[PDB]
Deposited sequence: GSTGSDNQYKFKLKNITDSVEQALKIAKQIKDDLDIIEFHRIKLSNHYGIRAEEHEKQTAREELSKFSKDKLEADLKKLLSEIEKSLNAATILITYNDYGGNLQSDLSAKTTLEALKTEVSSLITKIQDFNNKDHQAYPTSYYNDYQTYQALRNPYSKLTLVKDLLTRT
């Protein structure tokens, strides 16, 4: 029950984090077709497809996504404390590290929200691409939650 509580929330966090990461993939893919000077020549129709896809993404979508991710991380923390207090001669260090990584994620995701809200582009250009630090910061949560999941799966 308590284990399901923690692991269900982590799974919900993982899902949004994976989304963010996939969203970066989509934007990069189509942006490179639209780029006047970078990447491989695309046909006019790929370029038109790119404009329409890129219009599905905005600064607000990204902020909303991060706020949702942060909420699931904070429910993950809470569930982690319950599981932690519920000691049998000593806490598993797997449990401790999970909580530790989660605490790290929370500040890192909060920081990224504060960072992104002051971007000036409202369109897809609020999303950084790798062609840079922020690009990496945005997809780090998936890795760390992938470790949180791994640690609680015994």
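Asks: What ranges of the deposited sequence, counted from 1, have no C-alpha atoms in this structure?
Replies: In sequence order, the gaps with no modelled C-alpha are 1 to 10, 97, 143 to 145, 169.
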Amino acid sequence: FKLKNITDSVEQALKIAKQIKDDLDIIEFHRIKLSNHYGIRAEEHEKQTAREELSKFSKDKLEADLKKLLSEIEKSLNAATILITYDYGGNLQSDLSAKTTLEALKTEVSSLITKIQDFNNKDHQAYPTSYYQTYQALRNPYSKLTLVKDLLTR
From here on, numbers count along this sequence of modelled residues.
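Asks: Going by the B-factors listed in the PDB entry, is the mean over the C-alpha atoms higher for 64 to 72 or for 112 to 120?
Replies: Result of the comparison: 112 to 120.
Asks: Looking at the entry's B-factor column for C-alpha atoms only, identify whether residue 46 ranks in the lowest, middle or highest third of its chain.
Replies: Answer is middle: the recorded C-alpha B-factor places it there.
Asks: Sort the modelled residues of this chain by their C-alpha B factor and say whether residue 52 lands in the lowest, middle or highest third.
Replies: Within its chain, residue 52 is a middle-third residue by C-alpha B-factor, going by the deposited values.
Asks: In terms of the chain's CA B-factor thirds, is residue 40 lowest, middle or highest?
Replies: Top third by C-alpha B-factor.
Asks: Thinking about Cα B factors across the chain, which third does residue 93 belong to?
Replies: It belongs to the middle third of the chain when residues are ordered by C-alpha B-factor.
Asks: Using the B-factor values recorded in the entry, state whether the Cα atom of residue 3 falls in the lowest, middle or highest third among the modelled residues of its chain.
Replies: It belongs to the highest third of the chain when residues are ordered by C-alpha B-factor.
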